[PDB]
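Trainee: The following block contains the structure, expressed as structure tokens.
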Amino acid sequence: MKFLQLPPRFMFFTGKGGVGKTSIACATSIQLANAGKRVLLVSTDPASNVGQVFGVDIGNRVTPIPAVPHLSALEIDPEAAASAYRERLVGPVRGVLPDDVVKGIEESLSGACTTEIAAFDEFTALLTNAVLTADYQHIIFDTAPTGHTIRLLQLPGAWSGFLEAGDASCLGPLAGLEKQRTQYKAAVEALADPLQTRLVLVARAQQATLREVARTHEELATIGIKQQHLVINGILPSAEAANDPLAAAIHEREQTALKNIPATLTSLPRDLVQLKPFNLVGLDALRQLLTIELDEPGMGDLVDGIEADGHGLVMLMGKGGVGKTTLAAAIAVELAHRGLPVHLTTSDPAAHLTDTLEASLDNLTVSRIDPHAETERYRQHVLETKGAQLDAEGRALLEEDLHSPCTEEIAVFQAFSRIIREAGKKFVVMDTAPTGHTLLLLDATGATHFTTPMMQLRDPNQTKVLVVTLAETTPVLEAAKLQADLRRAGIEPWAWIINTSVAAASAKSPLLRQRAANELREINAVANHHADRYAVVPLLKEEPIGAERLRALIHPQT
Ligand SMILES: Nc1ncnc2c1ncn2[C@@H]1O[C@H](COP(=O)(O)OP(=O)(O)O)[C@@H](O)[C@H]1O
Ligand SMILES: Nc1ncnc2c1ncn2[C@@H]1O[C@H](COP(=O)(O)OP(=O)(O)O)[C@@H](O)[C@H]1O
Ligand SMILES: [Mg+2]
Ligand SMILES: [Mg+2]
């Protein structure tokens with residue numbers, strides 16, 4: 001394993017949720033501890049099962065693991081840190097200010113951005129404290145700050161009065177940070193030094209995930225992080241597809257993705273972690289990491305319900321890579337084939353799916369919004385309109401703020417609002433929906449680009465915010481977090497779509513069978529608690545492109 005050769009003190013990991021960052025971090029900690037060097041696995045999520053895996057009740061304090069000699073396990077809680085930020089920044093203004101101001105402060109201080117900044121705060125706490133670096137030879141983190149957070153916290157300063165002064169800006173949480181700016185600067189400097197940091201990039205062997213990790217690598221390199229490594233975790237063994245139709249397609253897709261890694265990631269020391277058969281639960285399985293008839297409702301019922309409740313919006317929401325674009329296209333194609341008008345509006349210019357049928361059907365009008373261009377246009381608009389009077393430091397800080405994911409979400413939502421307005425009395429199937437944070441923040445900043453009123457979205461009779469999940473543990477947990485954010489924003493997700501379900505694809509191989517069992521457990525969990533109306537989409541051995549094979553999703557042959 002190239003990412004483990006002469007590792008520096010801090011070994012971060014990052015990538016799309018569910019790739020296997022935590023499992024790889026745990027296995028690396030085990031391997032280094034076996035080598036005789038003290039380690040400190042800093043799990044960066046309370047919901048992680050690291051404590052169960054090691055058989056210890058890991059908490060905010062360092063808990064040595066008796067099972068693994070020389071291994072200590074910490075567990076940061078970013079969401080707890082964000083809640084503490086809210087408690088210590090909103091209580092003082094509670095009552096002292098009108099309820100509108102308090103609500104705006106809470107909303108600007110709540111969401112994914114505040115969680116990321118709090119996680120970076122804890123990372124800086126662990127990155128500059130002399131006690132930790134003088135006691136453990138390897139502080140193996142589990143998740144790394146996004147490039148945006150590092151860029152924001154490495155700026156010259158002046159981020160001390162951005163609270164109570166929303167304006168669709170996620171720059172407020174900076175005021176919560178109670179530490180010296182020198183602390184964060186030193187943390188970033190130690191993070192960018194190749195001799196103290198090794199920011200590994202865990203990614204699955206799929207096109208979308210590889211492109212996403214390539215983008216993250218480009219951003220991190222722009223930060224200053226020079227030496228990185230790539231861990232392509234999830235490669236399916238070749239011998240597994242020997243006598244199976246679905247495993248053969250999976251392996252072919254994995255190999256095709258490997259042969260077309262983005263040019264930016266080619267030079268990185270690459271690693272390949274096979275899909276180990278035994279489930280990675282407990283220390284026994286992790287020690288060797290680095291070395292059925294499903295009957296659940298399909299998308300037919302969901303599309304039938306949408307058809308029954310006509311003249312509405314069907315906004316697909318969820319984390320990137322789940323399959324929102326393909327599902328939206330399939331829904332739109334099915335609705336068009338039912339005779340009702342549709343206005344499919346995707347936001348994935350790379351994919352040409354449903355472009356072979358836009359003209360064949362006189363009612364399936366298609367709009368292709370380019371997220372990058374919309375984000376750039378919004379950035380220019382708000383830089384010229386706002387911040388022109390700001391001093392050099394304010395302009396730099398606002399420009400850095402505008403690169404946050406929420407700015408891209410706001411720009412895409414603004415571009416989709418005009419699509420909604422133009423198309424009236426017809427279905428409007430979308431690809432992405434703004435997270436609850438974005439919607440609430442836009443609503444707070446009431447006073448050419450326009451955003452649809454929150455009243456229309458909140459009404460169940462005019463909107464249906466579907467939530468797409470990849471049918472795994474962490475993807476389902478983060479989709480549930482998205483659902484909670486939407487519910488806080490007032491919108492009730494109409495249904496759930498458990499996309500890419502190997503369980504519904506009739507797996508006929510060992511590894512795919514164990515994967516099907518895991519995804520069946522996750523589907524049961526989704527049905528019981530998270531969603532009262534869900535649909536499981538089978539995995540397709542042929543990549544969905546065009547109507548003739550997009551309709552396979554909606555109406556599978558079961
Ligand atoms: N190399 C692998 N082989 C088999 N299963 C894996 C592998 N890597 C990860 N997994 C599975 O993926 C699941 C979730 O991965 P996890 O590391 O928790 O993602 P995250 O980095 O978001 O925490 C785990 O339950 C684990 O069983
Ligand atoms: N049901 C499915 N079966 C097989 N592959 C799928 C399915 N749904 C999505 N995919 C694959 O996932 C990839 C990325 O999905 P996409 O919808 O582009 O994600 P995003 O929501 O980020 O746009 C696509 O290339 C597609 O081939
Ligand atoms: Mg994790
Ligand atoms: Mg998409």
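Ordering of the structure tokens sets the chain letters (A, B, ...), residue numbers begin anew at 1 in every chain, and ligands are numbered from 1 in the order given.
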Pick out the residues sitting within 7 Å of segment 330-337 of chain A, and hand them over as a list in words; count only C-alpha atoms, and ignore anything fewer than 3 positions along from it in its own chain.
Mentor: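 Answer for this query is residues 303, 326, 327, 340, 341, 342, 344, 363, 364, 429, 547, 550, 551, 553 and 554 of chain A.
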Trainee: Among the residues of segment 336-491 of chain A, find those DSSP assigns to strand (DSSP E) from the backbone and print them as a list in words.
Mentor: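 Secondary structure check on segment 336-491 of chain A, strand (DSSP E): residues 345, 346, 367, 368, 428, 429, 463, 464, 465, 466, 467, 468 and 469 of chain A.
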Trainee: Would you tabulate, counting only C-alpha atoms and all ligand atoms, all residues of chain A that have an atom at most 9 Å from an atom of ligand 2, showing the closest pair of atoms and their distance in Å to one decimal, sorted by chain then ascending number, as JSON lines?
Mentor:
{"residue": "A:206", "atom": "CA", "partner": "ligand 2", "partner_atom_place_in_ligand_line": "13 (C)", "distance": 7.8}
{"residue": "A:207", "atom": "CA", "partner": "ligand 2", "partner_atom_place_in_ligand_line": "25 (O)", "distance": 6.7}
{"residue": "A:208", "atom": "CA", "partner": "ligand 2", "partner_atom_place_in_ligand_line": "14 (C)", "distance": 5.5}
{"residue": "A:209", "atom": "CA", "partner": "ligand 2", "partner_atom_place_in_ligand_line": "14 (C)", "distance": 8.4}
{"residue": "A:316", "atom": "CA", "partner": "ligand 2", "partner_atom_place_in_ligand_line": "21 (O)", "distance": 8.5}
{"residue": "A:317", "atom": "CA", "partner": "ligand 2", "partner_atom_place_in_ligand_line": "21 (O)", "distance": 8.2}
{"residue": "A:318", "atom": "CA", "partner": "ligand 2", "partner_atom_place_in_ligand_line": "21 (O)", "distance": 7.5}
{"residue": "A:319", "atom": "CA", "partner": "ligand 2", "partner_atom_place_in_ligand_line": "22 (O)", "distance": 7.1}
{"residue": "A:320", "atom": "CA", "partner": "ligand 2", "partner_atom_place_in_ligand_line": "22 (O)", "distance": 3.9}
{"residue": "A:321", "atom": "CA", "partner": "ligand 2", "partner_atom_place_in_ligand_line": "22 (O)", "distance": 3.8}
{"residue": "A:322", "atom": "CA", "partner": "ligand 2", "partner_atom_place_in_ligand_line": "19 (O)", "distance": 5.2}
{"residue": "A:323", "atom": "CA", "partner": "ligand 2", "partner_atom_place_in_ligand_line": "17 (O)", "distance": 3.1}
{"residue": "A:324", "atom": "CA", "partner": "ligand 2", "partner_atom_place_in_ligand_line": "21 (O)", "distance": 3.4}
{"residue": "A:325", "atom": "CA", "partner": "ligand 2", "partner_atom_place_in_ligand_line": "17 (O)", "distance": 3.5}
{"residue": "A:326", "atom": "CA", "partner": "ligand 2", "partner_atom_place_in_ligand_line": "17 (O)", "distance": 4.3}
{"residue": "A:327", "atom": "CA", "partner": "ligand 2", "partner_atom_place_in_ligand_line": "8 (N)", "distance": 6.5}
{"residue": "A:328", "atom": "CA", "partner": "ligand 2", "partner_atom_place_in_ligand_line": "17 (O)", "distance": 8.0}
{"residue": "A:329", "atom": "CA", "partner": "ligand 2", "partner_atom_place_in_ligand_line": "17 (O)", "distance": 8.8}
{"residue": "A:346", "atom": "CA", "partner": "ligand 2", "partner_atom_place_in_ligand_line": "23 (O)", "distance": 8.2}
{"residue": "A:347", "atom": "CA", "partner": "ligand 2", "partner_atom_place_in_ligand_line": "23 (O)", "distance": 7.3}
{"residue": "A:348", "atom": "CA", "partner": "ligand 2", "partner_atom_place_in_ligand_line": "23 (O)", "distance": 5.8}
{"residue": "A:350", "atom": "CA", "partner": "ligand 2", "partner_atom_place_in_ligand_line": "18 (O)", "distance": 8.7}
{"residue": "A:351", "atom": "CA", "partner": "ligand 2", "partner_atom_place_in_ligand_line": "18 (O)", "distance": 7.2}
{"residue": "A:431", "atom": "CA", "partner": "ligand 2", "partner_atom_place_in_ligand_line": "21 (O)", "distance": 6.8}
{"residue": "A:432", "atom": "CA", "partner": "ligand 2", "partner_atom_place_in_ligand_line": "21 (O)", "distance": 7.3}
{"residue": "A:468", "atom": "CA", "partner": "ligand 2", "partner_atom_place_in_ligand_line": "21 (O)", "distance": 8.4}
{"residue": "A:499", "atom": "CA", "partner": "ligand 2", "partner_atom_place_in_ligand_line": "1 (N)", "distance": 5.6}
{"residue": "A:500", "atom": "CA", "partner": "ligand 2", "partner_atom_place_in_ligand_line": "1 (N)", "distance": 4.7}
{"residue": "A:501", "atom": "CA", "partner": "ligand 2", "partner_atom_place_in_ligand_line": "1 (N)", "distance": 7.4}
{"residue": "A:537", "atom": "CA", "partner": "ligand 2", "partner_atom_place_in_ligand_line": "1 (N)", "distance": 5.6}
{"residue": "A:538", "atom": "CA", "partner": "ligand 2", "partner_atom_place_in_ligand_line": "1 (N)", "distance": 5.6}
{"residue": "A:539", "atom": "CA", "partner": "ligand 2", "partner_atom_place_in_ligand_line": "3 (N)", "distance": 3.9}
{"residue": "A:540", "atom": "CA", "partner": "ligand 2", "partner_atom_place_in_ligand_line": "3 (N)", "distance": 3.9}
{"residue": "A:541", "atom": "CA", "partner": "ligand 2", "partner_atom_place_in_ligand_line": "4 (C)", "distance": 6.5}
{"residue": "A:542", "atom": "CA", "partner": "ligand 2", "partner_atom_place_in_ligand_line": "4 (C)", "distance": 6.8}
{"residue": "A:543", "atom": "CA", "partner": "ligand 2", "partner_atom_place_in_ligand_line": "27 (O)", "distance": 4.6}
{"residue": "A:544", "atom": "CA", "partner": "ligand 2", "partner_atom_place_in_ligand_line": "27 (O)", "distance": 5.4}
{"residue": "A:545", "atom": "CA", "partner": "ligand 2", "partner_atom_place_in_ligand_line": "27 (O)", "distance": 7.5}
{"residue": "A:550", "atom": "CA", "partner": "ligand 2", "partner_atom_place_in_ligand_line": "1 (N)", "distance": 8.8}
{"residue": "A:552", "atom": "CA", "partner": "ligand 2", "partner_atom_place_in_ligand_line": "1 (N)", "distance": 8.8}
{"residue": "A:553", "atom": "CA", "partner": "ligand 2", "partner_atom_place_in_ligand_line": "1 (N)", "distance": 6.1}
Trainee: As a list in words, please: the residues near residue 292 of chain A (cut-off 9 Å, only C-alpha atoms, same-chain neighbours under 3 positions excluded).
Mentor: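 Counting only C-alpha atoms, the residues come to residues 503, 506, 507, 513, 516 and 517 of chain A.
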Trainee: Restricting the output to C-alpha atoms, write the selected residues as a compact mmCIF listing (two decimals), in the first residue's frame.
Mentor:
# COMPACT_ATOMS: atom_id res chain seq x y z
CA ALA A 503 -30.81 -6.41 -3.84
CA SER A 506 -31.23 -10.46 -8.29
CA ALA A 507 -27.57 -10.88 -7.39
CA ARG A 513 -25.16 -11.49 -2.45
CA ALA A 516 -27.65 -7.39 -1.46
CA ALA A 517 -28.16 -8.50 2.14
Trainee: Skipping near chain neighbours, those fewer than 6 positions away, what residues fall within 9 Å of residue 203 of chain A using only C-alpha atoms, listed as a list in words?
Mentor: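 Near residue 203 of chain A, the qualifying residues are residues 14, 15, 16, 19, 20, 21, 209, 210, 212, 213, 230, 231, 232, 233 and 234 of chain A.
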Trainee: Please identify every residue of chain A that has at least one atom no farther than 7 Å from an atom of ligand 3, counting only C-alpha atoms and all ligand atoms, and for each give the shortest atom pair and the distance in Å to one decimal, arranged by chain then increasing number, as JSON lines.
Mentor:
{"residue": "A:21", "atom": "CA", "partner": "ligand 3", "partner_atom_place_in_ligand_line": "1 (Mg)", "distance": 5.9}
{"residue": "A:22", "atom": "CA", "partner": "ligand 3", "partner_atom_place_in_ligand_line": "1 (Mg)", "distance": 4.5}
{"residue": "A:44", "atom": "CA", "partner": "ligand 3", "partner_atom_place_in_ligand_line": "1 (Mg)", "distance": 6.8}
{"residue": "A:45", "atom": "CA", "partner": "ligand 3", "partner_atom_place_in_ligand_line": "1 (Mg)", "distance": 6.2}
{"residue": "A:48", "atom": "CA", "partner": "ligand 3", "partner_atom_place_in_ligand_line": "1 (Mg)", "distance": 5.9}
{"residue": "A:142", "atom": "CA", "partner": "ligand 3", "partner_atom_place_in_ligand_line": "1 (Mg)", "distance": 6.6}
{"residue": "A:143", "atom": "CA", "partner": "ligand 3", "partner_atom_place_in_ligand_line": "1 (Mg)", "distance": 6.9}
Trainee: Kindly work out which residues sit at most 10 Å from ligand 1, using only C-alpha atoms and all ligand atoms, and give the list as a PyMOL selection string.
Mentor: chain A and resi 13-27+43-45+47-50+142-143+202-204+232-236+272-282+285-286+288-291+472-475+477-478+511+514-515+518
Trainee: Which residues come within 7 Å of residue 366 of chain A, counting only C-alpha atoms, excluding same-chain residues fewer than 5 positions away, as a VMD selection string?
Mentor: chain A and resid 343 to 345 358
Trainee: Which residues are close to residue 308 of chain A, i.e. within 12 Å by only C-alpha atoms, leaving aside same-chain residues fewer than 3 positions away? Reply as a list in words.
Mentor: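 Contacts, with the query itself left out: residues 301, 302, 303, 304, 305, 311, 312, 335, 338, 340, 427 and 461 of chain A.
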Trainee: Using N, CA and C atoms, can you export the residues from the last selection as a PDB file, in the first residue's frame?
Mentor:
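This is the output file part-v2.pdb:
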ATOM      1  N   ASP A 301     -45.144   2.811  -8.606  1.00  0.00           N
ATOM      2  CA  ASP A 301     -46.091   3.408  -7.670  1.00  0.00           C
ATOM      3  C   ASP A 301     -45.836   4.900  -7.492  1.00  0.00           C
ATOM      4  N   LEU A 302     -44.567   5.304  -7.410  1.00  0.00           N
ATOM      5  CA  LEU A 302     -44.256   6.721  -7.248  1.00  0.00           C
ATOM      6  C   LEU A 302     -44.731   7.523  -8.453  1.00  0.00           C
ATOM      7  N   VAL A 303     -44.473   7.012  -9.657  1.00  0.00           N
ATOM      8  CA  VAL A 303     -44.905   7.714 -10.859  1.00  0.00           C
ATOM      9  C   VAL A 303     -46.424   7.728 -10.947  1.00  0.00           C
ATOM     10  N   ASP A 304     -47.076   6.648 -10.511  1.00  0.00           N
ATOM     11  CA  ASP A 304     -48.534   6.628 -10.499  1.00  0.00           C
ATOM     12  C   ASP A 304     -49.084   7.695  -9.564  1.00  0.00           C
ATOM     13  N   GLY A 305     -48.481   7.840  -8.384  1.00  0.00           N
ATOM     14  CA  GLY A 305     -48.911   8.888  -7.472  1.00  0.00           C
ATOM     15  C   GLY A 305     -48.697  10.276  -8.045  1.00  0.00           C
ATOM     16  N   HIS A 311     -50.087  18.476 -12.221  1.00  0.00           N
ATOM     17  CA  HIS A 311     -49.776  19.902 -12.132  1.00  0.00           C
ATOM     18  C   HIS A 311     -48.910  20.307 -10.940  1.00  0.00           C
ATOM     19  N   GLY A 312     -47.794  19.600 -10.764  1.00  0.00           N
ATOM     20  CA  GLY A 312     -46.883  19.873  -9.672  1.00  0.00           C
ATOM     21  C   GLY A 312     -45.423  19.741 -10.057  1.00  0.00           C
ATOM     22  N   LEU A 335     -43.561   9.964 -17.477  1.00  0.00           N
ATOM     23  CA  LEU A 335     -44.695  10.881 -17.465  1.00  0.00           C
ATOM     24  C   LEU A 335     -45.059  11.320 -18.877  1.00  0.00           C
ATOM     25  N   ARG A 338     -46.981   8.702 -20.602  1.00  0.00           N
ATOM     26  CA  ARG A 338     -48.355   8.634 -20.124  1.00  0.00           C
ATOM     27  C   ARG A 338     -49.250   9.682 -20.768  1.00  0.00           C
ATOM     28  N   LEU A 340     -49.114  13.075 -20.345  1.00  0.00           N
ATOM     29  CA  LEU A 340     -49.140  14.373 -19.691  1.00  0.00           C
ATOM     30  C   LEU A 340     -47.885  15.176 -20.034  1.00  0.00           C
ATOM     31  N   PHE A 427     -45.986  19.370 -15.638  1.00  0.00           N
ATOM     32  CA  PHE A 427     -45.015  18.774 -14.732  1.00  0.00           C
ATOM     33  C   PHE A 427     -43.633  19.361 -14.979  1.00  0.00           C
ATOM     34  N   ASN A 461     -49.239  20.122  -2.167  1.00  0.00           N
ATOM     35  CA  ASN A 461     -50.080  19.983  -3.348  1.00  0.00           C
ATOM     36  C   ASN A 461     -49.455  20.584  -4.600  1.00  0.00           C
TER      37      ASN A 461
END
